[PDB]
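Asker: Next comes the structure file structure07.tsv, holding TSV, C-alpha atoms and all ligand atoms.
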chain	number	residue	atom	x	y	z
A	5	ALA	CA	41.96	-139.27	103.25
A	6	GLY	CA	39.42	-141.10	100.95
A	7	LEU	CA	37.19	-141.05	97.82
A	8	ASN	CA	34.77	-138.41	99.07
A	9	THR	CA	37.42	-136.02	100.42
A	10	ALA	CA	39.39	-136.35	97.14
A	11	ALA	CA	36.21	-135.86	95.06
A	12	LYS	CA	35.20	-132.75	97.03
A	13	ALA	CA	38.69	-131.22	96.64
A	14	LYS	CA	38.19	-131.45	92.85
A	15	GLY	CA	34.83	-129.67	93.07
A	16	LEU	CA	32.47	-132.68	92.98
A	17	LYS	CA	29.65	-132.51	95.53
A	18	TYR	CA	30.28	-136.11	96.65
A	19	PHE	CA	31.67	-139.54	96.12
A	20	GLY	CA	29.02	-141.95	97.32
A	21	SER	CA	27.60	-145.48	97.48
A	22	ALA	CA	24.25	-147.26	97.18
A	23	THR	CA	23.23	-149.68	99.94
A	24	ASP	CA	20.24	-151.85	100.74
A	25	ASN	CA	18.33	-152.61	103.93
A	26	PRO	CA	19.42	-156.33	104.26
A	27	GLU	CA	23.04	-155.14	104.60
A	28	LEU	CA	22.35	-152.77	107.49
A	29	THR	CA	22.35	-155.48	110.21
A	30	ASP	CA	26.03	-156.10	109.37
A	31	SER	CA	27.76	-153.65	111.73
A	32	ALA	CA	31.16	-154.05	110.00
A	33	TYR	CA	29.55	-153.22	106.62
A	34	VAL	CA	27.74	-150.25	108.14
A	35	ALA	CA	30.92	-148.88	109.72
A	36	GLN	CA	32.57	-148.53	106.27
A	37	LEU	CA	29.40	-147.29	104.54
A	38	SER	CA	29.31	-144.64	107.27
A	39	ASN	CA	32.97	-143.60	106.66
A	40	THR	CA	32.53	-140.11	105.20
A	41	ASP	CA	36.16	-139.92	104.12
A	42	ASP	CA	35.01	-142.42	101.44
A	43	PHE	CA	31.26	-141.74	101.11
A	44	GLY	CA	29.57	-138.34	101.32
A	45	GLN	CA	26.36	-139.60	99.64
A	46	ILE	CA	24.00	-142.65	99.81
A	47	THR	CA	21.42	-144.02	97.36
A	48	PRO	CA	18.78	-146.60	98.55
A	49	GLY	CA	19.29	-149.47	96.17
A	50	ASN	CA	15.67	-150.66	96.45
A	51	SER	CA	13.61	-149.13	99.26
A	52	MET	CA	12.39	-146.00	97.41
A	53	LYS	CA	11.30	-147.84	94.23
A	54	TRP	CA	7.61	-148.22	93.36
A	55	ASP	CA	7.45	-151.91	94.38
A	56	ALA	CA	8.78	-150.85	97.83
A	57	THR	CA	6.87	-147.60	98.31
A	58	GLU	CA	3.38	-148.28	96.81
A	59	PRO	CA	3.13	-152.12	96.70
A	60	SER	CA	-0.69	-151.90	96.67
A	61	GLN	CA	-2.65	-148.99	95.16
A	62	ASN	CA	-2.54	-145.83	97.33
A	63	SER	CA	-0.78	-147.78	100.07
A	64	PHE	CA	2.45	-145.91	100.81
A	65	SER	CA	5.20	-147.67	102.65
A	66	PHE	CA	8.22	-145.59	103.66
A	67	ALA	CA	9.82	-147.37	106.64
A	68	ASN	CA	12.68	-148.98	104.73
A	69	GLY	CA	13.39	-145.82	102.73
A	70	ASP	CA	13.29	-143.69	105.92
A	71	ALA	CA	15.80	-146.04	107.59
A	72	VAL	CA	18.30	-145.33	104.82
A	73	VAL	CA	17.64	-141.55	105.02
A	74	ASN	CA	18.06	-141.68	108.82
A	75	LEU	CA	21.45	-143.40	108.42
A	76	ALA	CA	22.63	-140.85	105.85
A	77	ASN	CA	21.37	-138.06	108.13
A	78	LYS	CA	23.19	-139.44	111.21
A	79	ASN	CA	26.39	-139.59	109.13
A	80	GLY	CA	26.07	-136.16	107.43
A	81	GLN	CA	25.75	-137.81	103.97
A	82	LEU	CA	23.64	-136.43	101.09
A	83	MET	CA	20.86	-138.58	99.63
A	84	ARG	CA	20.08	-139.42	96.04
A	85	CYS	CA	16.49	-140.67	95.86
A	86	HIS	CA	15.81	-143.45	93.36
A	87	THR	CA	13.47	-143.85	91.47
A	88	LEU	CA	9.88	-142.65	90.73
A	89	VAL	CA	8.73	-143.75	87.28
A	90	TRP	CA	10.28	-146.94	85.87
A	91	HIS	CA	9.00	-149.97	83.91
A	92	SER	CA	10.90	-152.43	86.13
A	93	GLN	CA	10.13	-153.09	89.83
A	94	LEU	CA	6.60	-151.84	89.24
A	95	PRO	CA	3.80	-153.48	91.29
A	96	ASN	CA	1.47	-155.64	89.23
A	97	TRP	CA	-1.48	-153.31	89.99
A	98	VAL	CA	0.30	-150.77	87.72
A	99	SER	CA	1.94	-152.95	85.06
A	100	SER	CA	-1.13	-155.21	84.56
A	101	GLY	CA	-3.80	-152.61	85.20
A	102	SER	CA	-6.66	-151.63	82.90
A	103	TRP	CA	-5.88	-147.97	82.36
A	104	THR	CA	-6.91	-144.99	80.35
A	105	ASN	CA	-4.72	-141.93	79.87
A	106	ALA	CA	-6.56	-140.04	82.66
A	107	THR	CA	-6.58	-142.93	85.13
A	108	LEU	CA	-2.91	-143.92	84.72
A	109	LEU	CA	-1.87	-140.25	84.80
A	110	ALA	CA	-3.79	-139.89	88.05
A	111	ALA	CA	-2.12	-142.96	89.57
A	112	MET	CA	1.39	-142.01	88.33
A	113	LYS	CA	1.01	-138.43	89.60
A	114	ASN	CA	-0.40	-139.69	92.89
A	115	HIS	CA	2.66	-141.94	93.26
A	116	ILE	CA	5.08	-139.06	92.53
A	117	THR	CA	3.35	-136.46	94.69
A	118	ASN	CA	3.08	-138.77	97.74
A	119	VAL	CA	6.63	-140.12	97.55
A	120	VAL	CA	8.28	-136.79	96.72
A	121	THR	CA	6.26	-134.91	99.34
A	122	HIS	CA	7.24	-137.49	101.97
A	123	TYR	CA	10.95	-136.98	101.17
A	124	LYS	CA	10.70	-133.24	100.60
A	125	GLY	CA	13.91	-131.54	101.69
A	126	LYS	CA	15.72	-134.84	102.31
A	127	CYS	CA	17.12	-135.61	98.83
A	128	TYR	CA	19.82	-133.85	96.81
A	129	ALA	CA	18.39	-135.42	93.62
A	130	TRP	CA	15.55	-137.66	92.44
A	131	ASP	CA	15.82	-140.09	89.54
A	132	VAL	CA	12.36	-139.08	88.29
A	133	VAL	CA	12.22	-141.24	85.17
A	134	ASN	CA	14.47	-144.31	84.80
A	135	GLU	CA	15.38	-146.28	81.62
A	136	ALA	CA	12.65	-144.89	79.35
A	137	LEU	CA	14.59	-145.89	76.19
A	138	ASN	CA	15.35	-149.13	74.38
A	139	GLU	CA	18.88	-149.86	73.16
A	140	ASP	CA	17.99	-148.64	69.63
A	141	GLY	CA	16.77	-145.24	70.87
A	142	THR	CA	13.05	-146.05	70.64
A	143	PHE	CA	10.79	-145.44	73.61
A	144	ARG	CA	10.37	-148.56	75.75
A	145	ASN	CA	6.90	-150.00	75.28
A	146	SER	CA	6.17	-149.72	79.01
A	147	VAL	CA	2.67	-149.27	80.42
A	148	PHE	CA	3.40	-145.52	80.70
A	149	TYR	CA	4.41	-145.17	77.04
A	150	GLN	CA	1.61	-147.35	75.69
A	151	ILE	CA	-1.17	-145.56	77.65
A	152	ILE	CA	-0.01	-141.95	77.97
A	153	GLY	CA	2.50	-141.62	75.14
A	154	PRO	CA	5.78	-139.61	75.45
A	155	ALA	CA	4.11	-136.83	77.54
A	156	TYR	CA	4.37	-139.16	80.57
A	157	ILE	CA	8.01	-138.11	80.89
A	158	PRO	CA	7.65	-134.27	81.12
A	159	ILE	CA	4.48	-134.74	83.19
A	160	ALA	CA	6.44	-136.84	85.73
A	161	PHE	CA	9.12	-134.12	85.96
A	162	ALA	CA	6.54	-131.33	86.37
A	163	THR	CA	4.76	-133.34	89.06
A	164	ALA	CA	7.98	-133.97	91.01
A	165	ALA	CA	8.88	-130.23	90.76
A	166	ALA	CA	5.43	-129.22	92.12
A	167	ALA	CA	5.87	-131.52	95.19
A	168	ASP	CA	9.51	-130.47	95.86
A	169	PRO	CA	10.61	-127.34	93.92
A	170	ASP	CA	14.28	-127.50	94.93
A	171	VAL	CA	15.42	-131.11	94.61
A	172	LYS	CA	17.46	-131.71	91.42
A	173	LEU	CA	15.38	-133.77	88.94
A	174	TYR	CA	17.28	-136.41	86.89
A	175	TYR	CA	16.58	-138.63	83.92
A	176	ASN	CA	18.64	-141.77	84.68
A	177	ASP	CA	19.65	-144.51	82.17
A	178	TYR	CA	22.35	-147.04	81.24
A	179	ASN	CA	24.33	-147.45	77.96
A	180	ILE	CA	24.04	-143.65	77.46
A	181	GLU	CA	27.70	-143.06	78.53
A	182	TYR	CA	29.12	-143.73	75.03
A	183	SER	CA	27.88	-142.30	71.77
A	184	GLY	CA	25.17	-144.11	69.84
A	185	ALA	CA	21.46	-144.07	69.14
A	186	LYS	CA	20.64	-144.48	72.84
A	187	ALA	CA	22.71	-141.53	74.08
A	188	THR	CA	21.35	-139.44	71.19
A	189	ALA	CA	17.82	-140.39	72.28
A	190	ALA	CA	18.65	-139.45	75.87
A	191	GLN	CA	19.76	-135.99	74.66
A	192	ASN	CA	16.43	-135.76	72.77
A	193	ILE	CA	14.50	-136.66	75.98
A	194	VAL	CA	16.31	-133.78	77.72
A	195	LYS	CA	15.41	-131.39	74.93
A	196	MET	CA	11.82	-132.70	74.89
A	197	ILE	CA	11.26	-132.11	78.65
A	198	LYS	CA	12.72	-128.58	78.41
A	199	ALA	CA	10.63	-127.84	75.29
A	200	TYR	CA	7.51	-128.97	77.24
A	201	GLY	CA	8.45	-126.35	79.88
A	202	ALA	CA	9.06	-128.90	82.67
A	203	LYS	CA	12.12	-128.71	84.96
A	204	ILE	CA	14.95	-131.18	84.31
A	205	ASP	CA	18.20	-130.51	86.17
A	206	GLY	CA	20.34	-133.58	85.53
A	207	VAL	CA	21.19	-136.69	83.47
A	208	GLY	CA	22.12	-139.75	85.49
A	209	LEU	CA	24.57	-142.09	83.74
A	210	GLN	CA	24.38	-145.46	85.47
A	211	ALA	CA	27.85	-146.62	84.34
A	212	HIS	CA	27.36	-150.38	84.63
A	213	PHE	CA	30.52	-151.22	82.68
A	214	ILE	CA	32.63	-154.32	81.97
A	215	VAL	CA	36.33	-154.72	82.82
A	216	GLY	CA	38.41	-154.41	79.65
A	217	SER	CA	35.41	-153.02	77.69
A	218	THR	CA	34.91	-149.77	79.60
A	219	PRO	CA	34.73	-146.56	77.50
A	220	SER	CA	37.97	-144.54	77.53
A	221	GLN	CA	38.32	-141.47	79.74
A	222	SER	CA	38.28	-139.41	76.53
A	223	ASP	CA	35.10	-141.01	75.17
A	224	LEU	CA	33.33	-140.70	78.50
A	225	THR	CA	34.26	-137.02	78.96
A	226	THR	CA	33.08	-136.21	75.42
A	227	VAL	CA	29.70	-137.77	76.06
A	228	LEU	CA	29.25	-136.03	79.46
A	229	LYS	CA	29.86	-132.68	77.72
A	230	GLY	CA	27.20	-133.62	75.16
A	231	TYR	CA	24.68	-133.61	78.07
A	232	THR	CA	26.01	-130.56	79.94
A	233	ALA	CA	25.77	-128.62	76.66
A	234	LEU	CA	21.97	-129.08	76.89
A	235	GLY	CA	21.87	-127.23	80.24
A	236	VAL	CA	21.85	-130.12	82.74
A	237	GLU	CA	24.29	-131.32	85.38
A	238	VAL	CA	25.51	-134.91	85.13
A	239	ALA	CA	26.51	-137.64	87.55
A	240	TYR	CA	27.63	-141.24	87.36
A	241	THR	CA	24.88	-142.84	89.43
A	242	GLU	CA	25.40	-146.61	89.64
A	243	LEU	CA	29.04	-147.22	88.73
A	244	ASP	CA	30.29	-150.77	88.87
A	245	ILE	CA	32.67	-152.63	86.58
A	246	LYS	CA	31.89	-156.34	86.48
A	247	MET	CA	34.70	-158.65	85.26
A	248	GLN	CA	34.50	-161.93	83.38
A	249	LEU	CA	35.26	-164.58	86.03
A	250	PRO	CA	37.50	-165.90	87.42
A	251	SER	CA	39.26	-162.87	88.89
A	252	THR	CA	43.01	-162.61	88.00
A	253	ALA	CA	45.75	-160.09	88.83
A	254	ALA	CA	45.64	-158.79	85.25
A	255	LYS	CA	41.85	-158.29	85.43
A	256	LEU	CA	42.09	-156.53	88.80
A	257	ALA	CA	44.68	-154.16	87.27
A	258	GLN	CA	42.54	-153.50	84.18
A	259	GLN	CA	39.59	-152.92	86.49
A	260	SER	CA	41.65	-150.28	88.32
A	261	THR	CA	42.43	-148.49	85.04
A	262	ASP	CA	38.76	-148.66	84.06
A	263	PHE	CA	37.51	-147.11	87.33
A	264	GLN	CA	40.30	-144.50	87.12
A	265	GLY	CA	39.10	-143.24	83.74
A	266	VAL	CA	35.47	-142.94	84.95
A	267	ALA	CA	36.52	-140.80	87.93
A	268	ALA	CA	38.87	-138.71	85.75
A	269	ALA	CA	36.11	-138.10	83.14
A	270	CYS	CA	33.82	-136.68	85.86
A	271	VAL	CA	36.56	-134.55	87.43
A	272	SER	CA	37.32	-133.21	83.92
A	273	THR	CA	33.75	-132.13	83.18
A	274	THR	CA	32.28	-128.89	84.40
A	275	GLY	CA	28.86	-129.81	85.80
A	276	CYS	CA	29.64	-133.43	86.78
A	277	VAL	CA	28.53	-133.29	90.44
A	278	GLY	CA	29.61	-136.69	91.66
A	279	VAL	CA	30.03	-140.46	91.33
A	280	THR	CA	28.02	-143.08	93.21
A	281	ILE	CA	29.22	-146.75	93.13
A	282	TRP	CA	26.49	-149.40	93.16
A	283	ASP	CA	27.39	-150.56	96.70
A	284	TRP	CA	31.09	-150.71	97.59
A	285	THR	CA	31.87	-154.39	98.42
A	286	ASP	CA	31.69	-157.35	96.02
A	287	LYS	CA	29.73	-159.25	98.72
A	288	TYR	CA	26.72	-157.03	97.94
A	289	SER	CA	27.28	-156.23	94.27
A	290	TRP	CA	24.44	-156.42	91.76
A	291	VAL	CA	25.11	-159.35	89.51
A	292	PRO	CA	21.80	-160.89	88.41
A	293	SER	CA	21.49	-164.10	86.39
A	294	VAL	CA	21.72	-162.37	83.02
A	295	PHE	CA	25.38	-161.63	83.81
A	296	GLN	CA	26.21	-165.14	85.01
A	297	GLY	CA	29.92	-165.58	84.40
A	298	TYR	CA	30.74	-162.02	85.55
A	299	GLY	CA	31.38	-160.68	89.05
A	300	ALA	CA	33.84	-158.96	91.43
A	301	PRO	CA	32.59	-155.48	90.22
A	302	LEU	CA	33.48	-153.09	93.03
A	303	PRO	CA	36.48	-151.38	94.73
A	304	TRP	CA	36.38	-153.59	97.86
A	305	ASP	CA	36.26	-157.39	97.86
A	306	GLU	CA	33.75	-159.67	99.57
A	307	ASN	CA	35.86	-159.50	102.76
A	308	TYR	CA	35.62	-155.68	102.82
A	309	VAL	CA	39.28	-155.42	101.76
A	310	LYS	CA	40.35	-152.85	99.18
A	311	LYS	CA	41.04	-154.03	95.63
A	312	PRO	CA	43.37	-152.20	93.14
A	313	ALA	CA	40.30	-150.38	91.81
A	314	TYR	CA	40.22	-148.32	95.02
A	315	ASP	CA	43.65	-146.85	94.16
A	316	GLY	CA	42.48	-146.44	90.55
A	317	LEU	CA	39.56	-144.28	91.75
A	318	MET	CA	41.87	-142.26	94.01
A	319	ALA	CA	44.23	-141.68	91.05
A	320	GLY	CA	41.27	-140.66	88.81
A	321	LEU	CA	40.10	-138.16	91.46
A	322	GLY	CA	43.61	-136.71	91.47
A	323	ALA	CA	44.66	-138.09	94.90
B	401	LIG	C1	-2.69	-137.87	77.97
B	401	LIG	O1	-2.94	-136.64	78.62
B	401	LIG	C2	-1.85	-135.72	78.49
B	401	LIG	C3	-2.17	-134.58	79.44
B	401	LIG	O2	-3.12	-133.75	78.80
B	401	LIG	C4	-1.56	-135.39	77.01
B	401	LIG	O3	-0.39	-134.59	76.95
B	401	LIG	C5	-1.33	-136.68	76.22
B	401	LIG	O4	-1.28	-136.45	74.80
B	401	LIG	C6	-2.47	-137.66	76.45
B	401	LIG	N1	-2.19	-138.86	75.76
B	401	LIG	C7	-3.19	-139.57	75.25
B	401	LIG	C8	-2.72	-140.87	74.65
B	401	LIG	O5	-4.39	-139.18	75.27
Starting from the coordinates I provided, produce the structure as structure tokens.
Answerer:
Amino acid sequence: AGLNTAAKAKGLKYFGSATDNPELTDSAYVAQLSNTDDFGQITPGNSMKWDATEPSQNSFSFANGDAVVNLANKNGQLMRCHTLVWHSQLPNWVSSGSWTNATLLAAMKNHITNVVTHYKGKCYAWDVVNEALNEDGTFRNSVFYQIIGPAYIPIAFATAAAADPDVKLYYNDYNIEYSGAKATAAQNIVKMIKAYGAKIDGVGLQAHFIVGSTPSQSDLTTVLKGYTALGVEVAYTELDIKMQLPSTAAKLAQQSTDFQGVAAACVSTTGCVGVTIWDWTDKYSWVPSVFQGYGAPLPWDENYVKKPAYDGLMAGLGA
């Protein structure tokens, strides 16, 4: 009947979509987001990030996150909660602060414990640490790395686990879906957290790909199995496939094949729990200025009408 029903028949927990609060006043948008034949899971695109949830020190702000949870709850959709520790979308009080190891650890832990406690029981998964690596497999020189060193990562996981022992804890990153220094480094982060004795349940593979340059089904599956071999589940967490503009029939077809292989890779991998697309309509796709010249990244167009990629996904999920 749709993406989510097809995904569940193949043993995934969900097929899902991100959303954001500005979209929720569009009742036509909301009606399709709330269609559980297509979406059994929701991620808040922005309203659970640090800039949204602790915009001034110790000042927790949950209304916009809660509104997304409430919608998911009314619809019977799972939540993925996104994201606790990340160098981007950090309030200036954190990124510019004068810290010591103890004082930044206290503030980071305070952030995690308050946010995760607030959402205790509501989330299938948390992206606990996001994008900790540079493209060359080095640690990003974020405030957390510079002040605390690599321990910030296992400490964040341990802190999340103490606040909510049952939610699945994910390390989430992009450009780790194909082999290379970055994916190798992401494997090493998994091994490092586990060696520290902290709980890590999952690797989140964002899957921001490009039409015509998407990794093959075979390459993607191979890489997923490289993570599951470490004793984690995997999911594609932010899938979209931006195309070099203008859109053409040939690019829409390629885009369909690209989405199909991503779905098929997940369905092929024991321990891949689901796919989330980064919103579902091109009208609300994430295409910031750095990708000027690209667009139309999603399975529905800006008029909420299906593109060939929808059928591609269905084919990849075996329906
Ligand atoms: C910060 O404190 C943690 C917790 O004890 C420790 O693992 C880490 O090495 C410390 N880092 C620095 C730079 O002191």
Asker: Could you give me, as a PyMOL selection string, every polymer residue with an atom at most 9 Å away from an atom of ligand LIG 401 (chain B), counting only C-alpha atoms and all ligand atoms?
Answerer: chain A and resi 104-106+109+149-156+159
Asker: Select, from A:33, A:66, A:128, A:161, the residue with the minimum atom-to-atom distance to residue 309 in chain A, counting all atoms listed in the file.
Answerer: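 Nearest to residue 309 in chain A: A:33.
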Asker: Using only C-alpha atoms, which residues sit within 12 Å of range 223-232 of chain A once same-chain residues fewer than 6 positions away are excluded, as a PyMOL selection string?
Answerer: chain A and resi 174-175+179-184+186-195+204-209+211+213+238-240+262-277
Asker: I'd like the interatomic distance between CA of residue 129 in chain A and CA of residue 76 in chain A, to a tenth of an Å.
Answerer: 14.0 Å
Asker: With distances taken over only C-alpha atoms, which of A:80, A:22, A:93, A:110 is nearest to residue 244 in chain A?
Answerer: A:22
Asker: Let me make sure I understand: among A:215, A:127, A:113, A:147, which one has the smallest atom-to-atom distance to residue 162 in chain A if we use only C-alpha atoms?
Answerer: A:113
Asker: Counting all atoms listed in the file, which of A:134, A:99, A:114, A:39 gets nearest to residue 85 in chain A?
Answerer: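 Going through A:134, A:99, A:114, A:39 one by one, the smallest distance to residue 85 in chain A is for A:134.
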Asker: Nearest to residue 148 in chain A: which of A:26, A:169, A:101, A:125 is it, counting all atoms listed in the file?
Answerer: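 Closest to residue 148 in chain A of all the choices is A:101.
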Asker: Could you check which of A:296, A:280, A:145, A:217 is closest to residue 250 in chain A, using all atoms listed in the file?
Answerer: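 Under the stated criterion, the closest residue is A:296.
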Asker: I'd like the interatomic distance between CA of residue 38 in chain A and CA of residue 119 in chain A, to a tenth of an Å.
Answerer: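 A separation of 25.1 Å between them.
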Asker: Hey, can you check how far CA of residue 92 in chain A sits from CA of residue 70 in chain A?
Answerer: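 Interatomic distance, CA of residue 92 in chain A to CA of residue 70 in chain A: 21.8 Å.
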Asker: Contacts of residue 75 in chain A at 10 Å or less, counting only C-alpha atoms, minus same-chain residues fewer than 2 places along, as a PDB file with C-alpha atoms, keeping the file's coordinate frame?
Answerer:
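Written file, out00.pdb:
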ATOM      1  CA  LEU A  28      22.350-152.770 107.490  1.00  0.00           C
ATOM      2  CA  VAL A  34      27.740-150.250 108.140  1.00  0.00           C
ATOM      3  CA  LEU A  37      29.400-147.290 104.540  1.00  0.00           C
ATOM      4  CA  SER A  38      29.310-144.640 107.270  1.00  0.00           C
ATOM      5  CA  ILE A  46      24.000-142.650  99.810  1.00  0.00           C
ATOM      6  CA  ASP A  70      13.290-143.690 105.920  1.00  0.00           C
ATOM      7  CA  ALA A  71      15.800-146.040 107.590  1.00  0.00           C
ATOM      8  CA  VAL A  72      18.300-145.330 104.820  1.00  0.00           C
ATOM      9  CA  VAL A  73      17.640-141.550 105.020  1.00  0.00           C
ATOM     10  CA  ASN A  77      21.370-138.060 108.130  1.00  0.00           C
ATOM     11  CA  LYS A  78      23.190-139.440 111.210  1.00  0.00           C
ATOM     12  CA  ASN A  79      26.390-139.590 109.130  1.00  0.00           C
ATOM     13  CA  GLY A  80      26.070-136.160 107.430  1.00  0.00           C
ATOM     14  CA  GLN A  81      25.750-137.810 103.970  1.00  0.00           C
TER      15      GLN A  81
END
Asker: Hey, what's within 6 Å of residue 306 in chain A if we count all atoms listed in the file and toss same-chain stuff fewer than 2 positions away? As number ranges by chain, please?
Answerer: A: 285-287, 308
Asker: Could range 67-78 of chain A be completed with N, CA, C and O atoms and written as a PDB file, in the coordinates of the input, please?
Answerer:
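The resulting file, selection_30.pdb, is reproduced below:
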ATOM      1  N   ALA A  67       8.928-147.089 105.504  1.00  0.00           N
ATOM      2  CA  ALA A  67       9.820-147.370 106.640  1.00  0.00           C
ATOM      3  C   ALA A  67      11.237-147.669 106.158  1.00  0.00           C
ATOM      4  O   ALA A  67      12.216-147.204 106.740  1.00  0.00           O
ATOM      5  N   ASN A  68      11.355-148.551 105.163  1.00  0.00           N
ATOM      6  CA  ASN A  68      12.680-148.980 104.730  1.00  0.00           C
ATOM      7  C   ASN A  68      13.424-147.835 104.047  1.00  0.00           C
ATOM      8  O   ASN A  68      14.637-147.743 104.195  1.00  0.00           O
ATOM      9  N   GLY A  69      12.710-146.975 103.299  1.00  0.00           N
ATOM     10  CA  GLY A  69      13.390-145.820 102.730  1.00  0.00           C
ATOM     11  C   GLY A  69      13.869-144.872 103.837  1.00  0.00           C
ATOM     12  O   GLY A  69      14.987-144.349 103.790  1.00  0.00           O
ATOM     13  N   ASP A  70      13.003-144.617 104.823  1.00  0.00           N
ATOM     14  CA  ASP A  70      13.290-143.690 105.920  1.00  0.00           C
ATOM     15  C   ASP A  70      14.512-144.161 106.711  1.00  0.00           C
ATOM     16  O   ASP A  70      15.279-143.343 107.228  1.00  0.00           O
ATOM     17  N   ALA A  71      14.673-145.494 106.836  1.00  0.00           N
ATOM     18  CA  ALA A  71      15.800-146.040 107.590  1.00  0.00           C
ATOM     19  C   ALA A  71      17.105-145.680 106.881  1.00  0.00           C
ATOM     20  O   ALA A  71      18.103-145.340 107.546  1.00  0.00           O
ATOM     21  N   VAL A  72      17.092-145.707 105.537  1.00  0.00           N
ATOM     22  CA  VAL A  72      18.300-145.330 104.820  1.00  0.00           C
ATOM     23  C   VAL A  72      18.565-143.830 104.975  1.00  0.00           C
ATOM     24  O   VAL A  72      19.711-143.432 105.204  1.00  0.00           O
ATOM     25  N   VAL A  73      17.522-142.996 104.818  1.00  0.00           N
ATOM     26  CA  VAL A  73      17.640-141.550 105.020  1.00  0.00           C
ATOM     27  C   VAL A  73      18.180-141.233 106.416  1.00  0.00           C
ATOM     28  O   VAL A  73      19.058-140.396 106.582  1.00  0.00           O
ATOM     29  N   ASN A  74      17.643-141.902 107.440  1.00  0.00           N
ATOM     30  CA  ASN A  74      18.060-141.680 108.820  1.00  0.00           C
ATOM     31  C   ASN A  74      19.544-141.972 108.996  1.00  0.00           C
ATOM     32  O   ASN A  74      20.214-141.262 109.765  1.00  0.00           O
ATOM     33  N   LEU A  75      20.037-143.058 108.367  1.00  0.00           N
ATOM     34  CA  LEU A  75      21.450-143.400 108.420  1.00  0.00           C
ATOM     35  C   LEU A  75      22.311-142.317 107.770  1.00  0.00           C
ATOM     36  O   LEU A  75      23.334-141.869 108.336  1.00  0.00           O
ATOM     37  N   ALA A  76      21.929-141.922 106.546  1.00  0.00           N
ATOM     38  CA  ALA A  76      22.630-140.850 105.850  1.00  0.00           C
ATOM     39  C   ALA A  76      22.674-139.579 106.716  1.00  0.00           C
ATOM     40  O   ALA A  76      23.705-138.899 106.798  1.00  0.00           O
ATOM     41  N   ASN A  77      21.528-139.260 107.320  1.00  0.00           N
ATOM     42  CA  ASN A  77      21.370-138.060 108.130  1.00  0.00           C
ATOM     43  C   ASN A  77      22.297-138.136 109.353  1.00  0.00           C
ATOM     44  O   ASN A  77      22.988-137.155 109.666  1.00  0.00           O
ATOM     45  N   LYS A  78      22.327-139.293 110.034  1.00  0.00           N
ATOM     46  CA  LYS A  78      23.190-139.440 111.210  1.00  0.00           C
ATOM     47  C   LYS A  78      24.652-139.220 110.776  1.00  0.00           C
ATOM     48  O   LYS A  78      25.491-138.741 111.542  1.00  0.00           O
TER      49      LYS A  78
END
